[PDB]
Amino acid sequence: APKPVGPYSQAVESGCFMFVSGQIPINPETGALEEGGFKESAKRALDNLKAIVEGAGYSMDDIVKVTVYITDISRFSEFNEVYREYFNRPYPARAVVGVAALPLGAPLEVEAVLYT
Numbered sequence: 249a250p251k252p253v254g255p256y257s258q259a260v261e262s263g264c265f266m267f268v269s270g271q272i273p274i275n276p277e278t279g280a281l282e283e284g285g286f287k288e289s290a291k292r293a294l295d296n297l298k299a300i301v302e303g304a305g306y307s308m309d310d311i312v313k314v315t316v317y318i319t320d321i322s323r324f325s326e327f328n329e330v331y332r333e334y335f336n337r338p339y340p341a342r343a344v345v346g347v348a349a350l351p352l353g354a355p356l357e358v359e360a361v362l363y364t
C-alpha cells in the first residue's frame, strides 16, 4: 500500500471531508514508479488512490472534487481515458494543469477531496 513520503499524511479525517495528499504512481510494494511511462502510471497512480480512499470506508464515486497535475501535453486524452474506469457518473468537479516538474519525476500526481 502507498506510503506517504515527506511531511504529509495521505489523508485526514476532519469534518465531513477527506483531504488526500496528491497520490503518486509508486508500486507501493516496490517503492518505485510504475512501468510504461504513459497510461500504466496514470493508471496505478489512480489505483494508488482508489486504495486509501477505501481505507476510510469510502466509495470514490462519493468524491466531490479531484485535482490533478500533469507534466505532459495531450496525455490529457491518454489519461482522460483511465479516469473513467474509476469514477462513475456523476463525476467530481476537477481541475487539471500542466505542471512542468514533479516529485521523483512522477508523470503526474493527484490530490482530491470528498465528503464522508
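Just remember that my numbering sits 248 ahead of the position in the sequence shown, which is counted from 1.
Note that CB positions come from ideal geometry on N, CA and C, so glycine has one too.
For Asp295 and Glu302, I'd like the C-alpha separation in whole angstroms.
Walking along the sequence shown from the start, residue 295 turns up at place 47. Walking along the sequence shown from the start, residue 302 turns up at place 54. Rounded to the nearest angstrom, the two C-alpha atoms are 11 angstroms apart.
Given a cut-off of 7 angstroms on the beta-carbon distance, is the pair residue 243 and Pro250 in contact?
Look at the range of the chain in this structure, 249 to 364, and you will see that residue 243 is not part of it.
With DSSP collapsed to three states, give me the class of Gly353.
Position 105 of the sequence shown, counted from the first residue, corresponds to residue 353. Annotated three-state conformation of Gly353 is helix, per DSSP.
Spatial neighbours of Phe267 within its chain, please: CB distance less than 8 angstroms, with the 5 preceding and 5 following residues excluded, ordered by chain position.
By one-based count along the sequence shown, residue 267 stands at place 19. Short of 8 angstroms from the beta carbon of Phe267, and not among the five residues preceding or following it, lie these beta carbons of its own chain, in chain order: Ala259, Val260, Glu359, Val361.
Closer than 6 angstroms by C-beta to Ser289: which residues in its own chain qualify, once you throw out the five before and the five after it? Chain order, please.
Sequence index remark: in the sequence shown, residue 289 carries index 41 (1-based). Cβ neighbours of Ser289 within its own chain (closer than 6 angstroms, five residues either side excluded): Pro273, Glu282, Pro355.
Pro252 to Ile318, Cα distance in whole Å?
Counting from one through the sequence shown, the residue named residue 252 turns up at place 4. Counting from one through the sequence shown, the residue named residue 318 turns up at place 70. Those two C-alpha atoms are separated by around 20 angstroms.
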